[PDB]
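Enquirer: Please see the structure below; I have some questions.
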Amino acid sequence: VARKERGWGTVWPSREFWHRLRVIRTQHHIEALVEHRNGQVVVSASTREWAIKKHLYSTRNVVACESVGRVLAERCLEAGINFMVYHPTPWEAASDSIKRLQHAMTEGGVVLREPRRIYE
Amino acid sequence: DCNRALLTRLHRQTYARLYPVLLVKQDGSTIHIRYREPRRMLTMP
Amino acid sequence: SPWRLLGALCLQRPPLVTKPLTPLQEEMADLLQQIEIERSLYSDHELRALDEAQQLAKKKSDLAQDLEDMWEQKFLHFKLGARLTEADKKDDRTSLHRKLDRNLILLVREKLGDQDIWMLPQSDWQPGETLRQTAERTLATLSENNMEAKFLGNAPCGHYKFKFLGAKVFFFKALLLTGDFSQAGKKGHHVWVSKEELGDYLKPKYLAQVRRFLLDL
Amino acid sequence: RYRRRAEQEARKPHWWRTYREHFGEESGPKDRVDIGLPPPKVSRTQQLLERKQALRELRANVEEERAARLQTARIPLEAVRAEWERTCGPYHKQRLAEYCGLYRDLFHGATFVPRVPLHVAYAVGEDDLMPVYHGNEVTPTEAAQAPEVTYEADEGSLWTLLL
Amino acid sequence: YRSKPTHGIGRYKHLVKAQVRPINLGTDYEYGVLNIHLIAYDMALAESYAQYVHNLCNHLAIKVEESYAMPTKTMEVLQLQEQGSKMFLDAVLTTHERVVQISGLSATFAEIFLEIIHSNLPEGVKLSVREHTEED
Amino acid sequence: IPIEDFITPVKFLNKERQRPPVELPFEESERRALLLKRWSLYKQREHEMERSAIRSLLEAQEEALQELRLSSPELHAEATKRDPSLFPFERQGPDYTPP
RNA sequence: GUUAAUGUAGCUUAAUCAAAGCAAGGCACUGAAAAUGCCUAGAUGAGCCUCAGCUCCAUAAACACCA
Ligand SMILES: [Mg+2]
């Protein structure tokens, strides 16, 4: 029932959501954040993190993206947030690493594409 | 430094088979040309 | 502060024949070969080889090899120039024909009145002259030879000062096209030498830093 | 690259009227009265060395690289969850609590990092166990009975639990 | 708004411009508009070295303007046959040309550059330096 | 008046059928890939020593030219200018067999 | 041998979750670049000590020196 932020739409991405998945790819590490429109990061999984770093190999690999996705799904469920928006770039949509990140996130039980507003 | 760019493949999508050929111009000098014909040598008068 | 004016020259011989390949470059060469022929489209020779290999099998029950063997024998019969004109001699550092693979540089021997000099060829320029003109002049004059050497810039390569007075040594780069050495058996000692050997024969710290602007290849 | 640079620029405190200003960064800069347990004291250099070593060893294996190129690998999630609980977990739990305004309604100004992990669960049946993580959803049916509580301390200790 | 302190904050167009002589001063001496002709019999080789040149230039901050291919010249080689006295036989060859234009240089950078270019020359590769005026 | 050779010739169209098969085991695959990574590392070190080389050369140019300016001003009047001798620079690459 | 400084990867982070970001490389993709995709290598100058201190080494900037 709450208010999303309708608007912008001269610019990108859409700022309309309660929660937004944000995937940053450094030439070294893959970092997946879940954000609230406040800019505040709510729950995140990074490859700089020792927990994830030590178990696996090649921080920048496709493998790593898949991994971070699974971790994030887990922590998301644990945090009580089942829905978030993901707004990739057209060429990030075609990339394997991110397709498999989305897959990992889906099997984890987190739905992208948030529910609509009521009496929007 | 002469081997710098020496190692490459032809990058065009659809192309014939290219085979190593030893070409002698009029020197006494020999070069390596990739040519469709399997012939191991050719020489110019 | 009196300034002693001395031009100087770094004389570069062009490497003639290409080097052999590092093991890695060799394996890589193999790979590139394999994949190149893997993505390749047919061949005219292989069209006439395979199509006839099958069509003759169909004309028996109901060329290419000729060409192969011809080219085999025409290649095998022919013989090629030696890659080593150095190590068969194995002696001469003074031969301009010595090393085919690397680039070579000229050294000279001089014993002066107060001094013992192993010398990268040097010039002496009067204030009215240009360092360029003096470089060329000294080159053509000293070696007693007819040399076509294309110079690169009007700017000098590298500089080293000995101050007793004060003095300058300005080294220039000259690219040798075709030299003709007159009196190949002359007494003045001219040594044609690679990078490692340039490291060996050179005593001074003025000539020690020439391998700093040299092309190591 | 542009997008990045821009988002960094949008996080700085400019001198002109901005979105952050009107839309409630929620007190903006805040000096935090901290009622915590003191952070565990661990040697920087030693830890660094050990980790470097571990990663050397892990990178060394050919098996691992095979696992990487062929896109077949898995992470032992339970162990990652253990390590996370042990290491940076307290901070993440903290910012979740901040997000849900635990600190705002309890101590009013005060932030603490949850140094000791707290494991709470409910019995839904004989074989069923419903965990309470930070922020998770639970049905009152599940919570009809008092939960099982677990955390690690030796005993000279005295504690107080509050729901 | 003109009256405000924040005026022209959104001003951009001066940052992006969307709308030949060599300079020889004798001290700071800029000799530009130079043509690099890489000519060889093998396609792959010529392209590869052209590539190396291009990348090298981009790394050395030397500004490349146009990189393009020149028309290939088709050679028909007539070899003498011994049996028939004046009889001719034939073999077909092709000459490939690539071009890299550099817009600026200094004496020192010219000297350095040429060193690097000719040092790294592959076998069967003919190199040329010329001036911008050429007719296609 | 442009005419490019980048175009694919007509001869190459329907003769495609000559090279359908390609297959590798675990062996050739992993070998080629390993080799490729190895090769990238190698090429990197190569580019590195190359750049360090040209950098050292350029530093020799700095010390040199600056030395000549500090000694005689007339000499960096002379040598800082680029000569007309460099217009048609032509050089031939090495060969396999000497003449 | 003397003074003002230092030694993070090529340039700049951090040193209470942690050695971070950017350059730079390879292969694929189109003619070259570029973008993009899949990949690659990396550091707290070296020796001890207390849980910042003592030297060494080396660079650098000068001076002295040496030729
Ligand atoms: Mg650390």
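If you read the protein sequences in the order shown, they are chains BS, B4, Bj, Bb, Bk and Bd. Numbers 61 to 180, taken from the deposited numbering, label the letters of the first sequence in order. Numbers 35 to 79, taken from the deposited numbering, label the letters of the second sequence in order. Numbers 43 to 104, 116 to 217, 227 to 279, taken from the deposited numbering, label the letters of the third sequence in order. Numbers 56 to 218, taken from the deposited numbering, label the letters of the fourth sequence in order. Numbers 48 to 66, 77 to 193, taken from the deposited numbering, label the letters of the fifth sequence in order. Numbers 83 to 181, taken from the deposited numbering, label the letters of the sixth sequence in order. From the three backbone atoms N, C-alpha and C, an ideal C-beta is built for every residue, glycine too.
When the cut-off is 8 Å and only beta carbons count, does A208 (chain Bj) lie next to chain Bk?
Expert: Working through the third sequence from its first residue, we reach residue 208 (chain Bj) at position 155. Yes, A208 (chain Bj) counts as interfacial toward chain Bk.
Enquirer: According to DSSP, simplified to helix, strand and coil, what is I112 (chain BS)?
Expert: Position 52 of the first sequence, counted from the start, is the residue given in the question as residue 112 (chain BS). Looking at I112 (chain BS) - three-state DSSP - the assignment turns out to be helix.
Enquirer: Find the residues of chain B4 that neighbour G134 (chain Bj), judging by a C-beta separation of less than 7 Å, and give them in chain order.
Expert: Against the third sequence, residue 134 (chain Bj) aligns to sequence position 81. Under the 7 Å cutoff, chain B4 gives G62.
Enquirer: Got a sec? Which residues, its chain only, sit under 7 Å from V59 (chain Bj) by beta carbon, not counting five neighbours each side?
Expert: The residue labelled residue 59 (chain Bj) in the question sits at position 17 within the third sequence. Cβ neighbours of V59 (chain Bj) beyond the five flanking positions: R136, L153, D154.
Enquirer: For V121 (chain Bk), report the span of its beta strand (DSSP E) as first-last.
Expert: Numbered from its first residue, the fifth sequence carries residue 121 (chain Bk) at position 64. Residues 121–137.
Enquirer: Is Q108 (chain Bb) near ligand 1 - that is, is its Cβ less than 7 Å away from at least one heavy atom of it?
Expert: Here residue 108 (chain Bb) refers to the residue found at position 53 of the fourth sequence. No; taking the cut-off as 7 Å, the Cβ of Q108 (chain Bb) has no heavy atom of ligand 1 nearer than that.
Enquirer: Using a Cβ-Cβ distance under 8 Å, would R87 (chain Bb) count as near chain Bd?
Expert: Indexing the fourth sequence from 1 puts residue 87 (chain Bb) at position 32. It does not; no Cβ of chain Bd falls within 8 Å.
Enquirer: So, with DSSP's three-state summary, where would you put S142 (chain Bk)?
Expert: Along the fifth sequence, read from residue 1 onward, the residue named residue 142 (chain Bk) stands at position 85. The answer is coil: DSSP assigns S142 (chain Bk) none of H, G, I, E or B.
Enquirer: Quick one: is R51 (chain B4) near chain Bk, going by C-beta distance under 8 Å?
Expert: If you number the second sequence from 1, residue 51 (chain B4) lands on position 17. Closer than 8 Å: no.
Enquirer: Tell me which residue opens and which closes the alpha helix (DSSP H) that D104 (chain Bj) is part of.
Expert: Taking the first residue of the third sequence as 1, we reach residue 104 (chain Bj) at position 62. Segment: none, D104 (chain Bj) is in no alpha helix (DSSP H) and carries neither H nor E.
Enquirer: Less than 8 Å between CB atoms is the rule here; does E168 (chain Bk) satisfy it with respect to chain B4?
Expert: Numbered from 1 along the fifth sequence, position 111 holds the residue referred to as residue 168 (chain Bk). No, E168 (chain Bk) does not count as interfacial toward chain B4.
Enquirer: Out of curiosity, what's the CA-to-CA distance linking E133 (chain Bk) and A148 (chain Bk)?
Expert: One-based indexing of the fifth sequence puts residue 133 (chain Bk) at position 76. One-based indexing of the fifth sequence puts residue 148 (chain Bk) at position 91. Going from the Cα of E133 (chain Bk) to the Cα of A148 (chain Bk) covers about 6 Å.
Enquirer: Does the distance from the CB of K267 (chain Bj) to the CB of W171 (chain Bj) come in under 8 Å?
Expert: On the third sequence, residue 267 (chain Bj) is found 205 positions in, with the first residue counted as 1. On the third sequence, residue 171 (chain Bj) is found 118 positions in, with the first residue counted as 1. Cβ atoms of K267 (chain Bj) and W171 (chain Bj): not closer than 8 Å.
Enquirer: For chain BS, find out if any of its Cβ atoms is closer than 8 Å to the Cβ of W71 (chain Bb); answer yes or no.
Expert: Numbered from 1 along the fourth sequence, position 16 holds the residue referred to as residue 71 (chain Bb). Not one chain BS Cβ lies under 8 Å of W71 (chain Bb).
Enquirer: Considering just the uninterrupted stretch of the beta strand (DSSP E) at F233 (chain Bj), what are its terminal residues?
Expert: Taking the third sequence and counting its residues from 1, one reaches residue 233 (chain Bj) at position 171. 228–242 is the extent of the beta strand (DSSP E) around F233 (chain Bj).
Enquirer: Return the residues of the region 169–191 of chain Bk that lie within a Cβ-Cβ distance of less than 8 Å from chain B4, sorted by chain order.
Expert: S176, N177, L178, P179, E180, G181
Enquirer: Residues of chain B4 with CB under 7 Å from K61 (chain Bj), in chain order?
Expert: Position 19 of the third sequence, counted from the start, is the residue given in the question as residue 61 (chain Bj). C36, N37, listed in chain order.
Enquirer: Among the candidates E95 (chain BS), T119 (chain BS), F77 (chain BS), whose CA atom is the shortest distance from the CA of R85 (chain BS)?
Expert: For the purposes of this step, residue 85 (chain BS) is identified with residue 25 of the first sequence, where counting begins at 1. Among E95 (chain BS), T119 (chain BS), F77 (chain BS), the Cα nearest to that of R85 (chain BS) belongs to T119 (chain BS).
Enquirer: Just to confirm my understanding: we take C36 (chain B4), look at its own chain, exclude 5 residues before and 5 after, and list those with CB closer than 7 Å. What are they?
Expert: Here residue 36 (chain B4) is taken as the residue at index 2 of the second sequence, counted from 1. Counting only Cβ-Cβ distances below 7 Å, and skipping sequence neighbours, we find nothing.
Enquirer: Strictly by DSSP, which residues pair up with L93 (chain BS)?
Expert: Here the question's residue 93 (chain BS) lines up with position 33 in the first sequence. DSSP, once it has assigned bridges, lists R82 (chain BS), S104 (chain BS) as partnering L93 (chain BS).
Enquirer: Buried or exposed: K230 (chain Bj), going by 16 or more other Cβ atoms within 10 Å of its Cβ?
Expert: Position 168 of the third sequence, counted from the first residue, corresponds to residue 230 (chain Bj). By the 10 Å Cβ count, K230 (chain Bj) comes out buried.
Enquirer: Could you pull out every residue in the same chain whose Cβ sits closer than 6 Å to the Cβ of residue 80 (chain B4), ignoring the five residues on either side in sequence?
Expert: With chain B4 covering only 35 through 79, there is no way to say anything about residue 80 (chain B4).
Enquirer: Starting from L132 (chain BS), find everything on chain Bb with Cβ-Cβ shorter than 8 Å and list it in chain order.
Expert: Looking up residue 132 (chain BS) in the first sequence gives position 72. Chain Bb residues near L132 (chain BS): none, gap ~11 Å exceeds 8 Å.
Enquirer: Starting from residue 188 (chain Bd), find everything on chain Bb with Cβ-Cβ shorter than 7 Å and list it in chain order.
Expert: Residue 188 (chain Bd) is absent from the structure shown; chain Bd starts at 83 and stops at 181.
Enquirer: Excluding sequence positions up to five away, which residues of its chain have a Cβ less than 7 Å from the Cβ of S157 (chain BS)?
Expert: Numbered from 1 along the first sequence, position 97 holds the residue referred to as residue 157 (chain BS). Same-chain partners within the cutoff: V122, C125.
Enquirer: Cutting at 8 Å between CB atoms, please list the residues of its own chain near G89 (chain Bk), excluding the five before and the five after it.
Expert: The residue given as residue 89 (chain Bk) occupies position 32 in the fifth sequence. For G89 (chain Bk), where only same-chain residues beyond five positions count, the Cβ hits under 8 Å are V77, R78, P79, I80, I159, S160, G161, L162.
Enquirer: Can you check whether the CB of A176 (chain Bb) is closer than 8 Å to the CB of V187 (chain Bb)?
Expert: On the fourth sequence, position 132 is the one that residue 187 (chain Bb) refers to. On the fourth sequence, position 121 is the one that residue 176 (chain Bb) refers to. Their beta carbons are under 8 Å apart, which means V187 (chain Bb) touches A176 (chain Bb) by this criterion.
Enquirer: Rounded to whole angstroms, how far is the Cβ of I85 (chain Bd) from the Cβ of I169 (chain Bk), which I believe are closer than 8 Å?
Expert: Stepping through the sixth sequence from its first residue, residue 85 (chain Bd) is reached at position 3. Stepping through the fifth sequence from its first residue, residue 169 (chain Bk) is reached at position 112. Actually they do not touch by this definition, with Cβ atoms about 36 Å apart.
Enquirer: According to DSSP, is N81 (chain Bk) helix, strand or coil?
Expert: The residue you call residue 81 (chain Bk) lines up with position 24 of the fifth sequence. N81 (chain Bk): strand per DSSP, three-state reduction.
Enquirer: So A128 (chain Bb) contacts chain BS; which residues on that side make the cut at Cβ distance below 7 Å?
Expert: Here the question's residue 128 (chain Bb) lines up with position 73 in the fourth sequence. Ordered by position in chain BS, the residues that pass the 7 Å Cβ test against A128 (chain Bb) are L116, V123.
Enquirer: Any heavy atom of ligand 1 closer than 7 Å to the CB of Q102 (chain Bb)?
Expert: Your numbering for residue 102 (chain Bb) matches position 47 in the fourth sequence. It does: the Cβ of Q102 (chain Bb) is within 7 Å (strictly closer) of some heavy atom of ligand 1.
Enquirer: Does the Cβ of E64 (chain Bb) have 16 or more other Cβ atoms within 10 Å, making it buried, or fewer, making it exposed?
Expert: Looking up residue 64 (chain Bb) in the fourth sequence gives position 9. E64 (chain Bb) comes out exposed.
Enquirer: Measure how close the beta-carbons of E94 (chain Bj) and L83 (chain Bj) come, nearest whole angstrom, since I'm counting them as under 8 Å.
Expert: Taking the first residue of the third sequence as 1, we reach residue 94 (chain Bj) at position 52. Taking the first residue of the third sequence as 1, we reach residue 83 (chain Bj) at position 41. About 19 Å; that fails the 8 Å criterion.
Enquirer: Shorter than 7 Å, the distance from the beta carbon of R99 (chain Bb) to the closest heavy atom of ligand 1, or not?
Expert: Translated into the one-based positions of the fourth sequence, residue 99 (chain Bb) becomes position 44. It does: the Cβ of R99 (chain Bb) is within 7 Å (strictly closer) of some heavy atom of ligand 1.
Enquirer: Distance, Cα to Cα, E112 (chain Bd) vs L95 (chain Bd)?
Expert: The residue given as residue 112 (chain Bd) occupies position 30 in the sixth sequence. The residue given as residue 95 (chain Bd) occupies position 13 in the sixth sequence. Cα to Cα, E112 (chain Bd) sits roughly 33 Å from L95 (chain Bd).
Enquirer: Tell whether a beta-carbon distance below 8 Å holds between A146 (chain Bd) and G211 (chain Bj).
Expert: On the sixth sequence, position 64 is the one that residue 146 (chain Bd) refers to. On the third sequence, position 158 is the one that residue 211 (chain Bj) refers to. Result yes, Cβ atoms of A146 (chain Bd) and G211 (chain Bj) sit closer than 8 Å.
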